[PDB]
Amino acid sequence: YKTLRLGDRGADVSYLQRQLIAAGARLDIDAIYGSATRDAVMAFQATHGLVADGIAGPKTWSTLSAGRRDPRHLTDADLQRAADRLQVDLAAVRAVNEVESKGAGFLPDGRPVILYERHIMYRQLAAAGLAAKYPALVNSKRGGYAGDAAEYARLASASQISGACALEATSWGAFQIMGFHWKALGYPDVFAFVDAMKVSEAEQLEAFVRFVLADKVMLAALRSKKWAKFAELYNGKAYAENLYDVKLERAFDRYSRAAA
C-alpha cells in the first residue's frame, strides 16, 4: 500500500481507517486522514512496538495488515532511550527521527542502507600512507553514486583496494553515519561499527546518538531546539533547500502537542 499521512484523502485512507478499526480504533470512515486518523495511527503504532509518528508507511502497513513486526526495526522505546542518552526532550528526538532518518535502515535484501563516498575513500587512502586506475571508485570529486543495493557493488570493489578504508568511506544505516567516525564514537574498530549497523535500526540510531554526543555544538543546538542551526551542522550548508530546518521545527511542534 502507498504511504499515507495527514491530509491524504481517498479510497486508500478509508481502507486504512477500516484496518485501524479492525485493530481496535474508533473512527468515522470518511476517507480523510485528519487529526483523528493520525492519532489512531499513533495509538496503533505505540501499542504495537512501532515508532509512533502518525504516518502510515510500509512498517505500519505490515503490522496493520499482517500483525508482523520486524525485530530489526526501531521502536518508540528506542527513541525514549535516545532522548535519555542525549538529555534532549523526547519530542525533539521524535522530530529528528522523523525528519532525518531515511526511515528504513535496511534494504529489502536485509543489508543496511549505504552510500559509498569516493572522495572520502580518496582521503582515507592518502591518510593510510588509484584515482587514475579506478576513477568511479576513488576520486577527489564527489559522486558516482548508484544507490540502493548497487551501492554494495561499489563498496565490494572499494573493499578490494582497502577493506577498512572502504567501510570508513561509506555512510551506514537510517542516519547515514560515516564509517570514519567509528573511533571518535567509541567503537572498537570500523568492522565492529559495521557489524553493529547490520544488527538493527536501534544500533543505527545508537550511532547517531554517539555522533551527536561527539559534537557538543550540535548537541547543544539540538537540546535548545535551534533547528536551523542543528540542520546546518547536521545536513550541511544546503539544509534550507530541502526544508530540514522547518520540517524539524514543525515536527517538534506536532510531537510537543501530542505529548501534552
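In this text, residue numbers run from 1 along the sequence as written.
Chemist: Looking at the deposited sequence, how many residues between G129 and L130 were given no coordinates in the entry: none, 1 to 3, 4 to 9, or 10 or more?
Modeler: Gap between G129 and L130: 4 to 9 residues without coordinates.
Chemist: Averaging CA B factors per stretch from the PDB record, which one is higher: 94 to 102 or 68 to 76?
Modeler: Looking at the record's C-alpha B-factors, the answer is 68 to 76.
Chemist: Taking only the CA atoms, which stretch has the higher mean B-factor in the record, 159 to 167 or 177 to 185?
Modeler: So the stretch with the higher mean C-alpha B-factor is 159 to 167.
Chemist: Specify which of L125, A153, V113, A83 carries the largest Cα B factor in the deposited PDB entry.
Modeler: In this record, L125 carries the highest C-alpha B-factor of the candidates.
Chemist: Among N235, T47, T60, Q204, which residue carries the highest C-alpha B-factor recorded in the PDB entry?
Modeler: Most elevated C-alpha B-factor of the set, per the entry: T47.
Chemist: Could you place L248 in the lowest, middle or highest third of its chain by Cα temperature factor, using the values in the record?
Modeler: Its C-alpha B-factor belongs to the lowest third of this chain's values.
Chemist: Test of reading the entry: by CA B factor among the chain's modelled residues, which third contains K226?
Modeler: It belongs to the middle third of the chain when residues are ordered by C-alpha B-factor.
Chemist: Ordered by C-alpha B-factor within the chain, which third holds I29? Give me lowest, middle or highest, please.
Modeler: According to the entry, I29 has a C-alpha B-factor in the chain's highest third.
Chemist: Split into thirds by Cα B-factor across the chain's modelled residues, where does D148 land: lowest, middle or highest?
Modeler: Middle third, going by the recorded CA B-factors of the chain.
Chemist: Comparing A196 with the other modelled residues of its chain, is its CA B-factor in the lowest, middle or highest third?
Modeler: As the PDB entry reports it, the C-alpha B-factor of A196 lands in the lowest third of its chain.
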